[PDB]
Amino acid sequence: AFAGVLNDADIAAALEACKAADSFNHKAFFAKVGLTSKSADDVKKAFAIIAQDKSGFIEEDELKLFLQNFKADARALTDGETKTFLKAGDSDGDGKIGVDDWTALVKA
């Protein structure tokens, strides 16, 4: 999956780990799905696939649909989860996550 960067089994396990509302954590997910150990180049590919906006930036509203990039009928993140995700990843403060924010977040 994701241009071969992630394998189906890891993704399945990561989604099962966070089925419960408010059980998602970006760091836990990145680890389990196996992205954290990937090269920046692969990490950035994952970002480009995930980001829906031609602007190149992911808004909080879109983060809500985060798991649905991995499985179409996955749950939406809760507002608590998206708030947490956004605060951790928006290193520069513009309210969004760009590729730079994403790469730093994943690999930190």
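Numbering starts at 1 and follows the sequence shown.
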{"property": "Higher-B stretch (mean Cα B-factor, as the entry records it), 62-70 or 32-40", "result": "32-40"}
{"property": "Of 20-28 and 6-14, the stretch whose C-alpha atoms average the higher B-factor in the entry", "result": "20-28"}
{"property": "Member of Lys45, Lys83, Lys54, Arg75 with the greatest C-alpha B factor (per the PDB record)", "result": "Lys54"}
{"property": "Entry-reported Cα temperature factor of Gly95, expressed as the chain third it lands in", "result": "highest"}
